[PDB]
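So you can see what is in the structure, the chains are spelled out below.
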Protein chains: 4
Amino acid sequence: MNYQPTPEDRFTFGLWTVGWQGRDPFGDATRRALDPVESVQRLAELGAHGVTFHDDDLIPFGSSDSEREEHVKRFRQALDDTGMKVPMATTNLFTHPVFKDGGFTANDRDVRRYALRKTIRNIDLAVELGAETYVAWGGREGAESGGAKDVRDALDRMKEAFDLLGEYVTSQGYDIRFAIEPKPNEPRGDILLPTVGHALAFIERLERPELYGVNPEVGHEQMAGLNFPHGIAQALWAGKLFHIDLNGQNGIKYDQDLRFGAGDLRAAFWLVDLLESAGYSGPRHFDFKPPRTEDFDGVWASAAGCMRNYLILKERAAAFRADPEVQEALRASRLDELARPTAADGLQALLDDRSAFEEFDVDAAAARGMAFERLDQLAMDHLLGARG
Amino acid sequence: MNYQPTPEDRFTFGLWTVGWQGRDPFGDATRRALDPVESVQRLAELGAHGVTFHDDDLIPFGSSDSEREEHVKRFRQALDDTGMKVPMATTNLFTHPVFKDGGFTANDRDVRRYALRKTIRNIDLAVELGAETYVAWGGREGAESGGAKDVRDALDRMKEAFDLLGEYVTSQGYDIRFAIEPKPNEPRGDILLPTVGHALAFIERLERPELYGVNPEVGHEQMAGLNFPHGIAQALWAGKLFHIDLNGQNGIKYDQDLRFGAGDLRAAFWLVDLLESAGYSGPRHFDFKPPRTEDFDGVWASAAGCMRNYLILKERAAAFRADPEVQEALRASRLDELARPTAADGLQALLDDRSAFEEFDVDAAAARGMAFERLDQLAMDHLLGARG
Amino acid sequence: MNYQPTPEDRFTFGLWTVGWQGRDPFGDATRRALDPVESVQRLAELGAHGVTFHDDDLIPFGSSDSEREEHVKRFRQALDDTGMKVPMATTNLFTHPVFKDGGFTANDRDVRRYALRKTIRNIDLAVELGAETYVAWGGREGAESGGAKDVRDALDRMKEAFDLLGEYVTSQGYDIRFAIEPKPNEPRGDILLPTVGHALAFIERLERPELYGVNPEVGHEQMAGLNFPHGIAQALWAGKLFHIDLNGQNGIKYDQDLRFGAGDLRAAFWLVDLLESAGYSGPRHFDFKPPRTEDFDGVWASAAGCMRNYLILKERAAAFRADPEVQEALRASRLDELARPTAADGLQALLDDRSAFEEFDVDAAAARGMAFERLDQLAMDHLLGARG
Amino acid sequence: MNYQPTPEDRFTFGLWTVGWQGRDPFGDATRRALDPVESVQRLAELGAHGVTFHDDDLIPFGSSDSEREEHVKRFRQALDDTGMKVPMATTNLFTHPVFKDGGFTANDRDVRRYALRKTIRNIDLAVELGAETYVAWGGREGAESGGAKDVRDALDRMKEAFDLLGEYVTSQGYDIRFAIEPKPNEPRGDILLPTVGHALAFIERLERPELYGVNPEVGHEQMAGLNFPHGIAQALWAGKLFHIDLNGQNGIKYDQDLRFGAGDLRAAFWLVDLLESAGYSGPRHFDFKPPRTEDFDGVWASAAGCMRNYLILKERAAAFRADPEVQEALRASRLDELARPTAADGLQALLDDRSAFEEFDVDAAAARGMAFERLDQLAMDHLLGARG
Ligand SMILES: [Mn+2]
Ligand SMILES: [Mn+2]
Ligand SMILES: [Mn+2]
Ligand SMILES: [Mn+2]
Ligand SMILES: [Mn+2]
Ligand SMILES: [Mn+2]
Ligand SMILES: [Mn+2]
Ligand SMILES: [Mn+2]
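Looking at the PDB entry, chain A carries the name D-XYLOSE ISOMERASE, with the source organism given as Streptomyces rubiginosus. Looking at the PDB record, one finds the entry titled "MODES OF BINDING SUBSTRATES AND THEIR ANALOGUES TO THE ENZYME D-XYLOSE ISOMERASE". Turning to chain A, the UniProt annotation filed under Subunit states: "Homotetramer." Taken verbatim from the UniProt record of chain A, the Subcellular location comment is "Cytoplasm".

What follows is the structure in structure tokens.
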């Protein structure tokens, strides 16, 4: 009763995840930097399908064109050697001091034009390496004080930057879509588009909305105390779950990026249940940081536990939905009735229906129990493997 | 140096606000019920412009048609006597036990049809009394456990109910628009459409999106730790701020509904600055509860402090934006540059501009300070009336 | 592979838990009131050991001496019939409007004297029924605004009330100890002694500290975002864990009181691991509310799941600590070294030890990994029953 | 109407505060390092009274004895030149990788002995420079996972380290006291002694409790959603407010360390009201970080706003307590009755008093309003300078 990942499970990892050296706001690095080639080989041995990158994880900031080509060649050799793919890439618009007030929404116009040129150069690289999704996390777009950022003008600037990127990709004929990753705060006091709902709403004002979706991350929505599986259900309902970032978080505090399955384990169960029952077919990407207490052995153990925990939860949620006694409890709780139209008969028929109002017996309907606690204990027994 | 409201300030109050008897999850009522006629007269004496109501605040649940007409007649007499208006109404789909699993998204189909008929009966009344906005707060739409609610089917049911309401109003030719009020939790474990962003995104999937906007409430977004003025800026940017609920909240905990100005006072300052500078012209509505420690004297003192605090903050934010030394600091922090297009020259010109990349001096741009702390201390001095 | 409680597991329930009628801040009761005699019989059938009560759960507020004796006689008959015990009692100083500003710390002195007399009358009853612990939850002690409560004077009044109660019990020669139950907010804006640490610190200023300990509740510490097992470890370290309240809570929001095992399931695992490894031998008491969606069938299913989840976690934490491969990982992570004195050699020897400073190789010590992630994945595999 | 600090106001700053180069978890430094001598001179020009330091802020980690003496000599010259004092010092047991699992509670015993020797070397320096308080913030004492730290053994190790430090100071005859600074999380997942209450309770188990108090920080208690003025009132009630750290924080999220007065401004008002009315006479120390958006001009503007905001709030809270109309409202709300003993007549007299129970009219007492909202609006008008 083992749970071994293969490339067919579509597990992916950022270079910056196993590569995090452990520098935190209060402490120096505890690990040496990893060569991207080494992380590719190590992850392929553990059963991953592919890796993702920011521009600056792969090519050191400020590299000449000659060093650039060399970093890319070595990387491409390691992907050829291992069969690893690169399904997603993104841009670092947060580390360099120039980005201290943002990239696409910095108050200085010159910085905003630089942020767009740095982005477009990386879209060409991403296409060259086969990525299908290009993520944008605007971690420096926001403010610590109320007068520093007029948010209407900042959303104008954010729409303008995403529209120009959509013009670029369509003009080049690339097959690449964008995914915005929300985060509510950190490193800015408040970050713009702080949740999946704010990012979905913003996309509907872009010139070509069909090019853009969301890349929600488990820990980010939980930094606002929100239910992550409910936000993913809304992104699926809108047709905008382009990619997802999996990790764990213990409640409302700094962004911990623990391995997937740590943090809120029942939310991890209900998230896997939803991804597998809606048939999400994108990458299962981990954006996590092995804690700085760990050496290299602890890094690969942490990355392997990400994939393990996903496959254990997958088996438990599939056993839950397959159990006849659960199917009976779902009917007892009227989940089948939730899926039927309230008024397929139409408005006039509803208005004329005396059984919907004038003769509706509210006390009898109120007295019906929902039987949700028995259903939730079945879900608990299935998660813990304690079926009796 | 007084700050007296008049009807022209457009301050409104729910009947349920000054009428809250003080029953909480742990305690009995501490005040007797108020007759709606008395609250109308008392609020008109304090300088309010109007009141709002749920159906069940005005006509006791289960009233016969004859009692209904009588409750309405007395109410209409008090509005005629005082000149008070009723700009907004809404439906109680949360108190009666029948709504224990929701109104529009209850699993039982019969309850969902009842919720729509109860709503439509109140839209006709609202129109009769002159309301222009009809609010929906779906406080029972959500779940305490993951299997009890499939959120995709529940958003289908929520879209179906709002589409049927938009069919009804258009068929009747009423001039009324809808405003959804988000809340992240309480009384359900998690509530659907938990923030302003989730409600904005959902509206874009309705059949006639132009009929629906948001009614955000200060304390609700702060129950998710979000910046309320930034969420209102996004609702204004989308053209969807139809109405607003003003109150105060001390951080992430139960929904306190304190009088406006209590809670986070700097967020109250930046919210008034934004409403008055964007020229919001809807009602300034208070959805608050005078604490149960208070008698009737303390109720009207609390309601008067709502309006007072709004007018004090209005004066301080207008003095802030009018101060030449603030206008100079805003330029020093490049707020004027945030309002200019990043690339009105277009994409090709940006790609060809060597000053945006190849010759952009990143170190010189990085070294420029943003001067945000001096700007924020000017904002502080203006709020506290300590201009030196 | 079943997990059936018996009276020997020491599971207890408040009358107010299965008896909660489901009134919330936004809704009417969804269930009829239960006779205490019926809850005693139903809980004894499910395998509980005993029940607890507030004065007002057992004898309706304002009952005459004659009705009092009658309510007590019927209750005592049901305990005799079932073998159920009553290990803990407490006082309702929160529901009646007189307590709207507190019991022991109300600003009105007359209310404070009434709160003490109401308490002492219930201590005599509790002793008569065999309780060994008397809990105090001061849910109305606190404030919504800063000027309403001088907290130094309020802690003087709180010390005075607890000192008088300790005088009473010692004068009567009763064998009863007190346990203060902290809660950070709700129903007051902020409650005094808001966490286990604040209650432990306060006890050390009472006249006879040995009579008082804490009754921490899982959901209350998590309403402040704190780690519940770490607060219980501190209460055990101080010798003050007199009683405990078990339930579940999803993060920082209103007090949900879900059944035990819901909420944060990994914290439930580590709490059971600690209670069983420290040999806590008090009652395992559930202070929970079956959700108002449920009928009576759902009430008893919820109460049975409390006990079930405890016994499943007990088995998983005992398998974890018994696994040789876990014992090896604990040594690999130096848990054995944490239990040894840092300097049993004494201060002078430490100062003279060159290996502690002058010749301590900091780089070699820094490079040692802690191997915490492999240990935590073993803990995960044990919780999920996925040992491979 | 200006508010200029002088050395007599006792404002102090850490070297690490104005010296923060702006490295965050996501970004490089935006400012060059400041020489301690320069910060001393700049702060003395702004009106500060003194500075504080960690060992490693003053003498670079690993410095030889010769470089040590030189760094100290230059520093002492700048204090002589400016008249600045050094009232508090502390140890860095968090930055170097050796401390990745803690200092006093690291699992490795060798690291724990090193942490104590590094501490004692800095106590001698602190005494030499005249500090009266030595702070300990154990930012690395805690865990990200439940098996990594047995908290009972870790509190044994923490008691042992503080007892050895108290032995050292008493053996040397130094006049220095210790202050523990709590923080609930960050950089560890959970930090031990996470709040002021947990630190107060822990001190009562040390061998010589009179040597130890707390150094609470505004933003840290608010990272747990707690009321900072109420925690300081409890520390004052216990006689343990040895020092305090002033700053601002916007709710439950990463530790922002904004300048004092930012964040929750009404809590800043009530904190100043309490410090000045209880006559706290220690340093008013700022532990803040000028945001990384700022250049050097913005650093000194931020530090000056710390002191400004304190003096504005001091004037407003003194005008509040001096206003006869406020004194009347405090009596109307029975604050005078809160300060009188509930039962100076003693227990037997209370038991015999029929007016406390048998003849107490609960309805009349319940009907009395507390008049808290009128009092809180007076407090609001005083804070905003809007007295009418
Ligand atoms: Mn993250
Ligand atoms: Mn991510
Ligand atoms: Mn509210
Ligand atoms: Mn509202
Ligand atoms: Mn509770
Ligand atoms: Mn409890
Ligand atoms: Mn801090
Ligand atoms: Mn500090």
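Picking up after the structure, the text goes on.
Before going further, it helps to spend a moment on the relation of the copies chain A and chain B. Note on the identical chains: chain A maps onto chain B by a rotation of 180° and an axial translation of 0.0 Å, with an RMSD of 0.0 Å. Both chain copies can therefore be described as sitting about a two-fold axis. By residue overlap, the copies meet face to face through one surface: 100% of the interface positions of chain A are interface positions in chain B.

In a perfect tetrahedron of four donors around a metal, the angles come out at 109.5 degrees. In a perfect octahedron of six, they are 90 or 180 degrees. The coordination sphere of the manganese ion (ligand 3) contains the protein donors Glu217 of chain B (OE), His220 of chain B (NE2), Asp255 of chain B (OD), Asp255 of chain B (OD) and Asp257 of chain B (OD), at a distance range of 2.2 to 2.4 Å. When the donors of the manganese ion (ligand 3) are listed by position in the chain, the intervening gaps give E-x2-H-x34-D-x1-D.

Take the pattern of salt bridges next. Scanning the model with the defined rule gives 148 salt bridges over all chains in all. Between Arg42 of chain B and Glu45 of chain B there is a salt bridge, and its shortest N-O distance comes to 3.1 Å. Residue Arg42 of chain B and its partner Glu45 of chain B are located together in helix α2 (residues 36-46), separated by three residues, close to a single helical turn. Note on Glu45 of chain B: relative accessible area 61%, which makes it exposed. A salt bridge links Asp163 of chain B to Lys159 of chain B, with the nearest nitrogen and oxygen atoms 2.8 Å apart. Remark: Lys159 of chain B and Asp163 of chain B occur in helix α6 (residues 151-172); sequence separation between them is four residues, near one turn of the helix. Each member of the pair, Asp163 of chain B as well as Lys159 of chain B, carries the same accessibility label: buried. Linked through salt bridges whose partners overlap, the residues forming this network are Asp101, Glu144, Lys149 and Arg188 of chain A.

With that out of the way, let us pick up the interface of chain B and chain C. Contact residues are listed per partner, giving 29 residues for chain B and 29 residues for chain C. Across the chain B to chain C interface the summed buried area is about 2900 Å²; carbon plus sulfur atoms make up 57%. By the criterion of area lost to chain C, the three top residues of chain B are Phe26, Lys100 and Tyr254 of chain B, representing 24% of everything that side buries. At the boundary of chain B with chain C, the tally comes to four salt bridges. The partner of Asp24 of chain C in a salt bridge is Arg140 of chain B, with the nearest N and O atoms 2.7 Å apart.

All names here are of chain D. Following both chains from N to C, one finds helix α11 (residues 296-322) and helix α16 (residues 372-384) inclined at 140°, their axes separated by 8 Å at the closest point. As judged from the angle between their axes, α11 and α16 are oblique. Relative to α16, α11 is oriented so that their crossing is right-handed. Across the interface between the two elements, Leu313, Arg316, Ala319 and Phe320 of α11 pack against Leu375, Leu378, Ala379, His382, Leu383 and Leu384 of α16. The class makeup of the residues in the contact of α11 with α16 is eight nonpolar, one polar and one charged.

Strand pairing within a sheet occurs via backbone hydrogen bonds; the two strands may be parallel or antiparallel. All names here are of chain D. Strand order in the open sheet formed by eight strands is β8-β6-β4-β3-β2-β1-β10-β9, with parallel pairing between adjacent strands. Where the open sheet ends on each side, the last strands, each with one partner, are β8 (212-214) and β9 (245-246). Bridge count between strand β6 (residues 177-180) and β8: three bridges; the pairing is parallel. The residue of β8 that forms the bridge with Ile180 is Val214. Packed on one face of the sheet, helix α5 (residues 109-129) meets β2 (50-54), β3 (88-90), β4 (133-136) and β6 and runs near 150° to β4.

Residues and elements named next belong to chain C. The interhelical angle for the contact between helix α12 (residues 324-332) and helix α16 (residues 372-384), taken along N-to-C directions, is 155°, at an axis separation of 9 Å. Put simply, α12 runs roughly antiparallel to α16. At the point where α12 passes α16, the crossing takes the left-handed sense. Residues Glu325, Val326, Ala329 and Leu330 of α12 form the contact with α16, whose own contacting residues are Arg374, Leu375, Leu378 and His382.

Another aspect to go through is the coordination of the manganese ion (ligand 7). Residue and element names in this part refer to chain D. Coordination sphere of the manganese ion (ligand 7), protein contribution only: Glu217 (OE), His220 (NE2), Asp255 (OD), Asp255 (OD) and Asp257 (OD), at 2.2 to 2.4 Å. When the donor residues of the manganese ion (ligand 7) are listed from N- to C-terminus, their spacing reads E-x2-H-x34-D-x1-D. Between the manganese ion (ligand 7) and the manganese ion (ligand 8), the interatomic distance is 4.8 Å, and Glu217 donates to each metal, bridging them.

Moving on, we come to the sheet that holds strand β3 (residues 88-90) of chain C. Residues and elements named next belong to chain C. Strand order in the open sheet formed by eight strands is β8-β6-β4-β3-β2-β1-β10-β9, and the pairing between neighbours is parallel. Edge positions in the sheet fall to β8 (212-214) and β9 (245-246), since each of these pairs with one other strand and no more. Taken together, the two bridges between β9 and strand β10 (residues 284-286) define a ladder with parallel strand orientation. Looking at the pairing, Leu246 lines up with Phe286 of β10.

What counts, and where the lines are drawn
Residues numbered from 1 in each chain as written, not as in the entry; some residues may be left out. Chains lettered and ligands numbered in written order. Heavy atoms only, no water. UniProt positions renumbered as here; feature names shortened; annotations may be inferred. Least-squares fit on C-alpha atoms. Contact = heavy atoms within 4.5 Å. Donors = N, O, S within 2.8 Å, 3.2 Å for Na, K, Ca; no water. Salt bridge = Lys/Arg side-chain N within 4 Å of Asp/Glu carboxyl O. Helix = DSSP H or I, 4+ residues; strand = E, 2+ residues; numbered from the N terminus. Buried < 20%, exposed > 50% of the residue type's maximum accessible area, 1.4 Å probe, protein only. Buried area = accessible area lost by both parts, 1.4 Å probe. Axes fitted to C-alpha atoms, helices over the stretch in contact; angles between N-to-C directions. Parallel < 35°, antiparallel > 145°, perpendicular 65-115°, else oblique. Left-handed = near helix turned anticlockwise from the far one by under 90°. Nonpolar A, V, L, I, M, F, W, Y, C, P; charged D, E, K, R; others polar. Pairing = 2+ DSSP bridges.

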